[PDB]
Amino acid sequence: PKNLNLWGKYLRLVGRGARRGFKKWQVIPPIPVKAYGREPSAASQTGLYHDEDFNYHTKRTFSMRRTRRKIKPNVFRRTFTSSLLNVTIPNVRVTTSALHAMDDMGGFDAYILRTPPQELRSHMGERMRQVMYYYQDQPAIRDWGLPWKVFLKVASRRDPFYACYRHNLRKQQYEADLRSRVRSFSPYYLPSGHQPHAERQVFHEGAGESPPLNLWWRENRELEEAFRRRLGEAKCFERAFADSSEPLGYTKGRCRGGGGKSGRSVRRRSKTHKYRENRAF
Amino acid sequence: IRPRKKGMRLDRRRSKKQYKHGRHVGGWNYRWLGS
Amino acid sequence: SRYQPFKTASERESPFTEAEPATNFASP
Amino acid sequence: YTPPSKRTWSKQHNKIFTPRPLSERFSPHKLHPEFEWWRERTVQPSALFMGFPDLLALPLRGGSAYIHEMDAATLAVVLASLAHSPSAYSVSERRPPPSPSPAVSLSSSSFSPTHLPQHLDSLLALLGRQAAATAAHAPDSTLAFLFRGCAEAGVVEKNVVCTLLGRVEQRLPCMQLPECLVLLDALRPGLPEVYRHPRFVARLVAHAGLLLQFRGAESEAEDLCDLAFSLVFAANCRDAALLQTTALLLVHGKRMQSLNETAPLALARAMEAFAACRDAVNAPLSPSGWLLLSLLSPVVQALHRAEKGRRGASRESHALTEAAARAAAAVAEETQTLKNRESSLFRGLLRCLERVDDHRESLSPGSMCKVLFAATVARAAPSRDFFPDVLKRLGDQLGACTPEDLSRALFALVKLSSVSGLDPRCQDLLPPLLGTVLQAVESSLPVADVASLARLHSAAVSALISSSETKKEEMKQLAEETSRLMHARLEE
Amino acid sequence: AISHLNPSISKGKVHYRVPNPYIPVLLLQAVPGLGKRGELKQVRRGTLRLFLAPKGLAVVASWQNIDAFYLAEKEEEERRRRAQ
Amino acid sequence: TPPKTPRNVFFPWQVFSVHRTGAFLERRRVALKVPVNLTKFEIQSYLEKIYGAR
Amino acid sequence: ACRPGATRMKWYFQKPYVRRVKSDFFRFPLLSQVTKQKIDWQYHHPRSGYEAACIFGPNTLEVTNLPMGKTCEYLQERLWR
Amino acid sequence: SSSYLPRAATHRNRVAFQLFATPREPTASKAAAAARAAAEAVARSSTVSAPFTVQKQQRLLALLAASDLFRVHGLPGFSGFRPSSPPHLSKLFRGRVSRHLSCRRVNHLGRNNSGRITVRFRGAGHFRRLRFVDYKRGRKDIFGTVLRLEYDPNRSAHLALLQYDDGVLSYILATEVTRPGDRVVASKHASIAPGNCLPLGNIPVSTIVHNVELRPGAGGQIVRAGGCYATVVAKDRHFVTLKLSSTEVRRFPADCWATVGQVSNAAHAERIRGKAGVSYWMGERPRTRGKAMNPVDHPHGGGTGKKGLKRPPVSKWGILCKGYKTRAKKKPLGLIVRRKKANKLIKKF
Amino acid sequence: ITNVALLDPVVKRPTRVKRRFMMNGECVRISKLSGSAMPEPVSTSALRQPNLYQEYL
Amino acid sequence: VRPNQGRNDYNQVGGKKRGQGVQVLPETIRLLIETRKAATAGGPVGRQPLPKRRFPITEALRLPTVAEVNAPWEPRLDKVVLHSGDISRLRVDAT
Amino acid sequence: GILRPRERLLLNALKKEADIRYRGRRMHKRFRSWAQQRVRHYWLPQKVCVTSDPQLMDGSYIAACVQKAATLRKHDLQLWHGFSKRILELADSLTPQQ
Amino acid sequence: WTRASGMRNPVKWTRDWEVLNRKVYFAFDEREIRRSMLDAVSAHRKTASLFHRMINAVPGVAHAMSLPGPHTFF
RNA sequence: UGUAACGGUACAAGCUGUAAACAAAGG
RNA sequence: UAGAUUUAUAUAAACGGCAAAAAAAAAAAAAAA
RNA sequence: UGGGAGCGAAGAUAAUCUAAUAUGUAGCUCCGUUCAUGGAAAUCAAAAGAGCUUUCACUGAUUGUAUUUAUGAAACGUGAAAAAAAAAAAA
RNA sequence: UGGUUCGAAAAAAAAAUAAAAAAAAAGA
RNA sequence: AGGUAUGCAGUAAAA
RNA sequence: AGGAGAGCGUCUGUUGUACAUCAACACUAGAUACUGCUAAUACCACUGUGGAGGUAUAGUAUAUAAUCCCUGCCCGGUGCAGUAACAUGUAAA
């Protein structure tokens, strides 16, 4: 038959009834998405997954019990440096196929610029290509080095100066809010300069007399404010967390035994079960 | 429907499902004004 | 998999680390 | 399951996609309730700048501007956009042709597209009123930017300027040197005199002096260069003490490391200011000459770096050419008193002249006059095409010159008229240029300054001594008129 | 490139084998232990991705790069002869 | 529901009618049926300008 | 069935443009000799045809008459070859 | 929990600094000179260098033990209720925690973001405030005075209100021998006295420490509960070995900081509640036994009349809970030198 | 017809056209966006083109 | 207690609600102004041999009159001009 | 949550006393209107700075500055004597409105 | 659900006069104050400037006046 | 587009929009 | 097509990343529709 | 939308039960129906030939798959319907 | 006297409602 | 121990 | 619902609204087991949340229970621990 580069060779010329009656559970191994003719997923369109994406496979046993299971793609979170975009791009979700394609093309920029839409299979990649061409048209905006997603939308492209202004304004608002919260939760408290003496218990006998307080921060109001802000910058502790950017990072599965709550058959989340709990996707 | 589920649900008119049926006073095959 | 490291130590005898560099031109 | 085909195997996501209506299947002969034909749409503005409708698109397309809703930062940005050579090509198009737009080009044009600059007078008045309104809520830097932007865009309404002056005088003590420089930028020659309120200028100069006296450590070299430039020109100051303090902070303030990294154009402007105010520097080689050398060396180093290295680069190349021209002009006046191949002055001057020779086109009319003056003072020539190719463009751009530029050009032409060895094209070009320059100088005599008058008198005397065979009567008349004008201005 | 035959399915994830982890590259500079300039060497994709290309020591052996190298060498030879 | 009152009217449409109450009202008081959307200032200005009532 | 990928491409025959009323610029605007498209003075800017020179340098060629039914990337590769 | 400061402020794997500086001098060079002078002054004042052991702790405790007008006149209080001791004699402050150094506690009640119960047997309890205790001791080479000792409802140990010499107030964990009027400092030049904080590399062997950092500058995480302490066993250039309260021997980087002494309130374990109501106040809920339920509700349930477990003990989720190890086998031991064994084996050997 | 819209003579965007009548009875079509009168429709003489599909049929 | 506790937007940092009085850094304004200023640099192409003054001047004898402005298209109102602009910049015999 | 009985009693008594304090506080507010009127149709639409140099002021500017200062209670002797000096200088050029 | 407050407080307080008398006792005699004596002195520093200055400038006085022992300061 | 709420109209499953059933006779 | 024609129907989509509030700084941030 | 795409059940038949059937059905999400689907052979076939794609009838409930229940508009082919290939190097 | 309004604190939206009608030249 | 009578921003202390 | 006693649960509590108010459940406490912190365990979108902004005098799991005296023998079996696997250990497993 024709289209030997795509799946379905022995279905192409068997008849209409067989094509309509084909049973998916007949296929045990996953078929590549491009050859199958499957719609790209939202995760793939937000990342650079090339030939990889969510798939399905069937489990068949000697008893002839069949079962189909969804299987997720093998994706990593990696950082790239782009000369065409004049910025580092943190935490792009990429795959092995995408990485090999970048190697073939000659790097990240070449892969984004030259790959045809069918092979690239990434709307995010298409948008990056658009931003690269826009930067080529308008180099002065490229000199700013803003994150590439600032110009993802066409309206931001039409109004670059407002895009940069709004980006900086929102960044400053975020910084001020975070600074205020950290100051509120700081472990160091400086009382007023007119009443620095806090309530104390009776000093244990034999304790040496405490020296008079040195209020060096009362010479100038500017010095006082700077010292107060510096004290507000302090933190009680710093926490460790799972981070793939760290060489020794790791994540967690389930308990060693492998059991479950007695009498409970937990149903896994789906698009028709717990579909929109706490977040969209 | 209670506040937590309301905060995550979306309004009916935020999609196109309203225009994909032909329900009307005369039946289920509405012919819109102006055909 | 209670412990799920991001990087798994590579195996010595896996075919991936032992595959042949192949040939530039098949004819010669 | 339908196996894919050549035309069908590639698909897009139902919601994250590139819209391509040409290929998307559609049935235009049917009613589509999803599009809500009955519902009327809102006509949004077709061009926006800084989040508001672009004022450069209103003369052609109309629509409201919402100027009264603009805050101080947006207003300052808009004032800068209107003041700094606005082009209607910066406006956004609607469904444009696939080919690139003229906005990509960085080159200036000799014609204003899509409307005259004066077609925005009403919007300029509205912007001035809104600036007067918002002046009370702006931070110090934004307020200084508003002041300078109004001055540059040409807001002239006297009540508006009075309110702006009041606010600026109120908040002057809270401003650092960079904001003082921004404010001084509003006093440049050619801007409206309403902003040059003498008391405000005196207060600004005093505050800058205090800033230098108590914060000289924090001052950057480029900031000091700009301050000297503004003091000599923007504020028309005789503050020999302040200028000398700036020069000392530039030279002996452990500033040699910063002098190398500061932009060459700022150094060129600073040395121009020092050359203008030499007498102040040489007060209780000359110290002015040492200052000129110290400022010149980094410019020559930048020239050497560029030559060794040999759209973005065009701007820096133009800036470097302007810096070279200004530095050469500044050095020429000092060399007038030296008359020797000084170990470094003459050599840096020659290198700047070579840069000018390789970048003659980039020169503005002031640059052309400056470079002609420098070459004639030095009695040198970077090449044999220099003088003819520069005289041609000087004649083509005579109309845009100022009295200072005309005095420099007349000095150069008087010097050149006495040279026996000249090219045929130079001989042909000279007399017409001399006549036109003399006419322009005579016309613009009442607006010339003291330095321009002195240069013109020197040129007239030199011509009388050596060029008595070309327009001799006009040169005697010019000499007498310059003497009388200088006497009057000295009495003033 | 990956191969879609006999993948490893575990933890709900799919991992695909890489039968051929090698790619040809053109050497733009002398790399001690790899080759001289202008050679076409089979290297490992990781080696190209993380060392050679970032350090500017080699580039993928595309027809564009091969032709560019060839033409540049020819131009340099002609420049030598012009200088002589 | 009723059209909002413009800043300048020139042609008021509002009907002020006398209402006969079954309750008691003082000597200097009178009850009127009026559109729901009118304010006390609007009512007072309407009566003082169209009738001259104090 | 689903939204079309780059494998599905369509184009339509272009009707030659005739200014049926020569004086009616609102309904029959002049074509531009540069862009070979109707002039839209309201929403377009004049193009000299040399704009791409400022982007790609003096050693640049403009190629015209490229066909339909092909990806821009495929055509770029073919033209490079 | 995560209901306090956001992730962006709380999470940082690698801390780039260990000295929270608050210089007073106008320039960086003068700030460095002042820091050197302060370090030298701390070194000069430091005299004690011998290890601080269990026996020395006992001696100090013995020394501390060896070493009608004050009321509200005319105030007849409650009929029966009275404080156990007046404010001028109580060991703890008897007042209120500083408002500027604490906030209201967000009571999750054992439920996660899904709203389901994940931590069983939790109750409302008494209202509590979270107080911001300096686990880092970031301020170095500045002496502070312990003004008072305070109760903490979320923590088994006592807190101490430290007033630095410049007036800054903070809360730190109190040591078993910490008393009002004590002088404390954090520095590498500090003497080996209880309450002082030093890098593990500057603390002699056999010394007793608490509030140990796993990562330098990230704040102490190990040995916090009342009465707990760890012992310094061995020291090398890069690592210091500690024996922990669980009988675990583990290595720590020599740059990780720690505080000398035992954690205060060693008598916590001696408390007797006497009734279900005390635990109810503390925030507990009744624990129903697995074998008291139906077979659908627990593996041990079912059976007419009372019965035994009928199998080796397992939890609600079918996991052996008596002797079955749960640490991940593949997870590397890292700096752990030796981890404890079962208590029966420990006490029988 | 719903897939198509009239164009304002000044703004050249989709508009709505209303018929107004003067005292003499002259009718004027006015566009909402700019208030401009609509230009007179192009004449049949200018618009005419042969319908070759009907000849083919 | 808090129905929206777990949402991605719960207790989010920043926002226009809490950032009412926050301005962009002055460096951002400087950057925008300089980018606008440097967008039209270049050499002086085109010739201006004569001076025909930093602000443009309009000549009154070239403006169309009311009659011309109102005249229909072709393939006392003649001596009156209605001009929108700056009278201080108009070039007229008398004002 | 729960409170210790002493704390319960003390806070309950505080709440009761707060309620009674509010009731006592509002007793004499017979002529306190939540709806209040403010006159602003005399305020000019132009903006002025009151401390601007008088020598740059005209009648229209100085009149507005004087009225604004009176409204804002900026009773500064130096400012108002400068106002007097400038107004006497400008006596010839004031309209009835100014 | 209701938003009534102030004089329309929906809280069902007790009307028992004896209980309200006990409430008075708890609210006035047994009220708890956070601030300290030096806090009050600082609050009134403008009227008691000399004694505020002495308390802050004489060593030991602040320590003596900040001790837990119930004190009366004139 | 469709529907509805109020209002007017015989206080209505009709009609209708504060111009709430009617302008057709204007420089 | 003589005029007039209130209010609701959460609409910058006559439009384009997805994603709360028809479109929300980068990142955290997760997708078969 | 018993048309097309994705995910995807059980009640029922197998006289329990498994496969298979039900069925790629129901629900859910997305296209929006001749101006559509699809498509001008690296096709099918035999050593003769057909000639993109599409619809109907026959071949035939045949050859098949399921191997207790059933499913199966199979392929080639035959008779019809409709018929198309490609305006187009610029002007 | 309350609601409204600021805070708690909320698109956690009470269809036909508002300090809520294209948003300052406002003509004092 | 919510907010009280020229009103918008805005820091500290507290019966 | 008094005086004198026995049984079961120590006790105050919870409890099937509308056939079970009990000897059933919980309980103060004594034990055992796991867990070195991105802890274990739980939720099962999993670089997320509760645990806990806690750190072995802590948290989780399973018995037995408050006070006094006691709590015998068995590791052959099963499970678990231990070791490369054995040996061997562990019954308040």
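Residues numbered from 1 in each chain as written, not as in the entry; some residues may be left out. Chains lettered and ligands numbered in written order. Part of a larger assembly, values for the part shown. Heavy atoms only, no water. Residues with missing side-chain atoms left out of burial classes, pairs and counts.

As stated in the entry header, the method of structure determination is cryo-EM and the reported resolution is 2.2 Å.

Our next topic: the overall build of chain K. Looking only at helices and strands, chain K has three helices and zero strands in total. In chain K, the succession of helices and strands from N to C terminus is α-α-α. Here chain K has a C-alpha radius of gyration of 27 Å; the compact-globule value for 98 residues is 13 Å, and the former is much larger. Going through the 98 residues of chain K one by one, you find that 22% of them count as buried. Taking the intrachain contacts of chain K between residues at least 6 apart in sequence as the baseline, contacts between residues at least 24 apart amount to 42%. Roughly 7700 Å² of accessible area belongs to chain K as shown, and the carbon and sulfur atoms make up 58% of that amount. Charge-centre separation for chain K: the mean point of 20 positive side chains lies 17 Å from the mean point of 8 negative side chains. (Helix = DSSP H or I, 4+ residues; strand = E, 2+ residues; numbered from the N terminus. Rg over C-alpha atoms; globule rule 2.2 N^0.38 Å. Buried < 20%, exposed > 50% of the residue type's maximum accessible area, 1.4 Å probe, protein only. Contact = heavy atoms within 4.5 Å. Areas by Shrake-Rupley, 256 points an atom, 1.4 Å probe, with all protein chains shown as cover. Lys, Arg positive; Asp, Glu negative; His and termini not counted. Charge placed at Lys NZ, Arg CZ, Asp CG, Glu CD.)

The strand order across the open sheet formed by four strands is 1(A)-2(A)-2(E)-1(E), and the pairing between neighbours is mixed. Either end of the sheet is taken by a strand with one partner, and the two such strands are strand 1 (55-60) of chain A together with strand 1 (8-10) of chain E. Across the sheet, the mean angle from the axis of one strand to that of its neighbour is 40°, orientation sign disregarded. Alignment of strand 2 (residues 66-73) of chain A against strand 2 (residues 13-15) of chain E, held across two bridges, turns out to be parallel. Bridging across to strand 2 of chain E, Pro73 of chain A finds its partner in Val14 of chain E. (Pairing = 2+ DSSP bridges. Axes fitted to C-alpha atoms, helices over the stretch in contact; angles between N-to-C directions.)

It is worth spelling out the protein's contact with RNA strand O at this point. In the vicinity of RNA strand O, 41 residues are found, and the nearest of them are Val14 and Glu39 of chain A together with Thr2, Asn14 and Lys30 of chain D. Of everything in RNA strand O that lies within 4 Å of the protein, sugar and phosphate atoms constitute 69%. Take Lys24 of chain A: an N or O atom from its side chain is 2.7 Å from a phosphate oxygen of RNA strand O. The contact in question runs from a phosphate oxygen of RNA strand O to an N or O atom on the side chain of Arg68 of chain A, over 2.8 Å. Every element with two or more residues in the surface near RNA strand O is listed here: helix 1 (16-21), strand 1 and strand 2 of chain A. It is helix 1 of chain A that provides the largest number of residues to the surface near RNA strand O, a total of four residues. Its residues assigned to classes, the surface near RNA strand O shows eleven nonpolar, eleven polar and 19 charged. (Near = heavy atom within 4 Å. Polar contact = N/O pair within 3.5 Å; in protein donor to acceptor, adjacent residues only side chain to side chain. Nonpolar A, V, L, I, M, F, W, Y, C, P; charged D, E, K, R; others polar.)

This next bit is on the pairing of strand 13 (residues 249-253) of chain H. Residues and elements named next belong to chain H. Pairing of strand 12 (residues 239-243) with strand 13 involves five bridges; the strand directions are antiparallel. Residue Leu242 lies in a different strand from strand 13, and its bridge partner there is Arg250. What sits between strand 12 and strand 13 in their antiparallel hairpin is a turn of five residues, with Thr247 showing a positive phi close to 70°. Note that strand 13 and strand 15 (residues 336-338) share two bridges and pair antiparallel. Across the sheet, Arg250 pairs through a bridge with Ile336, a residue of strand 15.

Attention shifts here to the interface of chain A and chain H. Each side of the interface is counted separately: chain A has 57 residues, and chain H has 74 residues. The junction of chain A with chain H conceals about 5500 Å² of combined surface from both sides, 55% of it contributed by carbon and sulfur atoms. Among the residues of chain A in contact with chain H, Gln201, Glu238 and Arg256 of chain A are the three that bury the most area, contributing 15% of the side total. For the interface between chain A and chain H, the tally reads four salt bridges. A salt bridge links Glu238 of chain A to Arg12 of chain H; its shortest N-O distance comes to 2.8 Å. Inspection of the region where chain A meets chain H yields 30 residue pairs in polar contact. (Buried area = accessible area lost by both parts, 1.4 Å probe. Salt bridge = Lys/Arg side-chain N within 4 Å of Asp/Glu carboxyl O.)

This part covers the environment of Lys188 of chain H. Residues and elements named next belong to chain H. By secondary structure assignment, the location of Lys188 is in the loop between strand 6 (183-184) and strand 7 (197-199). Expressed as a C-alpha distance, the spacing of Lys188 and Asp141, which sit 47 residues apart in the sequence, is 8.7 Å. The residues contacting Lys188, other than those within four sequence positions of it, are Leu198, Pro199, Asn202 and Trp257.

As a matter of local geometry, RNA strand M sits amid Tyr30, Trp32 and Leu33 of chain B, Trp38 of chain D, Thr1, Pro2, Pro3 and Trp13 of chain F together with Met23 of chain I. Close to the protein, within 4 Å, the atoms of RNA strand M are drawn from sugar and phosphate at a rate of 43%. Each residue belonging to the surface near RNA strand M can be placed in one class, and the counts come to eight nonpolar, one polar and no charged.

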